[PDB]
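**Q**
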Amino acid sequence: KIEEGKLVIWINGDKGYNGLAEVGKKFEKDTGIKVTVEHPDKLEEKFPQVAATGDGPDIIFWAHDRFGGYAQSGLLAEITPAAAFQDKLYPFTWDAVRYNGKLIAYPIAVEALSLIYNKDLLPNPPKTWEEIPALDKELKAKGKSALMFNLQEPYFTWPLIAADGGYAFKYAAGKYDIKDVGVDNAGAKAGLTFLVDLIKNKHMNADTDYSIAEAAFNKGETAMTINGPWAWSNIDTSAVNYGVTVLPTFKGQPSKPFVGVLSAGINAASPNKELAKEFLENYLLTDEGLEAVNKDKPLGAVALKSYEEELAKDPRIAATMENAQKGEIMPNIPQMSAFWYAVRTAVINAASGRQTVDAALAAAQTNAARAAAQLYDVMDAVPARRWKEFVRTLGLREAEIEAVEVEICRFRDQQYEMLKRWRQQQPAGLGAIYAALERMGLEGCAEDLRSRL
């Protein structure tokens, strides 16, 4: 049970948690309610484990996509901000914290990919994707490349794919249509084809990952890269004088990067829901308080208009917000994991030639909502000899283990049926798989499996 009359806040260690504790002490001085800020490791996965038992912090700070898994299991309380208060934040940020028509969190920061260019190598960055092939040739003579970014994660490839009509799931009313996928339309085909053509014409390498791309730009080897505000810190310790601008257009249409919103949710089992609402709306989500945490460690672009026009004087933050408003809200539904699985396979296969563009996107279209691939990954991430112990630690009842064992003959088929029946009784996103592997003493399997999501 949670201590009543007290606020416990959980925020990641990479955020300004000292500045947040400053706003909590100011809240304690005016109300007499102690606000303790904690930054536990593996924070996004211990919260749903402790919140499932009715314990945990009163407020949780994390990206909005994970809050969909929390809300579908009922771990986050519905918030009721006044219509005048909702007007104080940018309108699209409220779309990222809405689940089943209910608002489940308060938006804090806004995050999106931007085009990062070397100002010394490139005083006038290209406005369109189509200028890049020609400039790369004029630049490859001098030993450098025009553009280098992570081609291994579809998150970095999506802005081009979505520019001319691509999308994950269509959002209408207050729901995502899982049977309306937009990775196989003409817009996605053209975007992925342009990317593959860049590789076939040897303007990019299909094997370029995140570490290769960041090192090449920070050492002046390439003129441009595609990255978010999280990478700004490494570029300043580097000797490169860089700028951050809008992403290039494709067929006259803007690039559409996925938008992530740092959000603050309230524990559904917290007896201090009203005190938490008072702290977030009146003390944190103001120009001061948001500045208090920003001076500890920057937030980048924020959802508060008044303080963002403040932060937007930084042209890099202004480009982050501009690319965000041209982009798409990252959906918070569980099918987004299968979407990433399907799209990552498609981009990698199309970039390597294993699949044609339309065959890769046709497969990703069908696989976009199929979750089987993630369950089969779990089966090969756990030693076969420890499977029943792993299934037991996950919480699958013994009566269910025995029911699968007596009717299913082969070993692999038993494993999948157990995981399938466990998934139908406990929905994903609560970190139960990783939590189960750590208690089994298999922290290497958990760590290695956790890094691949």
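Okay, so the sequence shown: first residue is 17 according to my numbering, each after it adds one. Just so it is clear, CB atoms sit at the ideal spot from N, CA and C, and this is done for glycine as well.
Out of 433, 305 and 85, state which residue places its alpha-carbon closest to the alpha-carbon of residue 124.
**A** Closest by alpha carbon: 305.
**Q** Examine chain B for any beta-carbon lying closer than 9 Å to the beta-carbon of residue 402, and answer yes or no.
**A** In summary, chain B is missing from the structure at hand, where a single protein chain is found.
**Q** Would you report the Cα separation of residue 137 and residue 326, rounded to the nearest angstrom?
**A** Near 30 Å, if we compare the C-alpha coordinates of residue 326 and residue 137.
**Q** Measure the alpha-carbon distance for residue 22 versus residue 32 and round it to whole angstroms.
**A** Approximately 21 Å, taken between the alpha carbons.
**Q** Pop quiz: residue 335 and residue 199 are said to be a contact at Cβ under 8 Å. What is the actual Cβ separation, rounded to whole angstroms?
**A** Not confirmed; about 27 Å, so no contact.
**Q** Can you round the beta-carbon distance between residue 259 and residue 128 to whole angstroms, since I take them to be within the 8 Å contact cut?
**A** Contact doesn't hold; Cβ gap of about 16 Å is too wide.
**Q** Jot down the residue ranges of each uninterrupted alpha helix (DSSP H) in the region 255-323, minimum 4 residues, whole runs only, in chain order.
**A** If we require 4 residues or more, the alpha helix (DSSP H) runs fully inside the region 255-323 come out as 289-294 and 303-312.
**Q** Under the DSSP definition of a beta bridge, which residues are partnered with residue 133?
**A** Bridge partners of residue 133: 240 and 259.
**Q** Ignore the nearest five residues each way along the sequence and tell me which others in residue 174's own chain have a CB closer than 8 Å to its CB.
**A** Around residue 174: 182, 272, 273, 274 and 359.
**Q** On the three-state DSSP scale, how would you describe residue 22?
**A** Here residue 22 sits in coil by DSSP.
**Q** From the DSSP secondary-structure annotation, give me the bridge partner or partners of residue 427.
**A** In DSSP, residue 427 forms no bridge with anything.
**Q** Confirm, please, whether the CB-CB distance from residue 214 to residue 177 is below 9 Å.
**A** Not closer than 9 Å, so no.
**Q** Quick check: residue 164 and residue 237, are their CB atoms within less than 9 Å of each other?
**A** The answer is yes: Cβ separation under 9 Å.
**Q** May I ask which residues mark the beginning and end of the alpha helix (DSSP H) holding residue 66?
**A** Unbroken alpha helix (DSSP H) run through residue 66: 59-68.
**Q** Sorted by chain position, which residues of the same chain lie with C-beta nearer than 8 Å to residue 405's C-beta, five sequence neighbours on each side aside?
**A** Contacts found: 456.
**Q** On a CA-only basis, which of 242, 366 and 160 is nearest residue 131? Give me that one, please.
**A** Looking at the Cα atoms, 242 is the closest of the given residues.
**Q** Could you tell me which residues DSSP pairs with residue 114 in its beta bridges?
**A** Per DSSP, 119.
**Q** I'd like to check one pair, residue 347 with residue 171: are the Cβ atoms closer than 9 Å?
**A** Their beta carbons are not under 9 Å apart, which means residue 171 does not touch residue 347 by this criterion.
**Q** Just reading off the beta strand (DSSP E) that residue 187 is part of, what are its end residues?
**A** Looking at the DSSP string, the run of the beta strand (DSSP E) that includes residue 187 is 183-188.
**Q** Pair every Cβ in the region 135-152 with every Cβ in the region 366-385, then say whether three or more of these pairs are closer than 8 Å.
**A** Too few Cβ pairs lie closer than 8 Å, so no.
**Q** With a 10 Å radius around its C-beta and 16 neighbouring C-beta atoms as the bar for buried, classify residue 257 as buried or exposed.
**A** Exposed, since its Cβ has fewer than 16 Cβ neighbours within 10 Å.
**Q** If you draw a straight line from the C-alpha of residue 92 to the C-alpha of residue 26, how long is it?
**A** Rounded to the nearest angstrom, the two C-alpha atoms are 14 Å apart.
**Q** Out of 201, 230 and 323, state which residue places its alpha-carbon closest to the alpha-carbon of residue 377.
**A** For residue 377, the nearest C-alpha among the options comes from 201.
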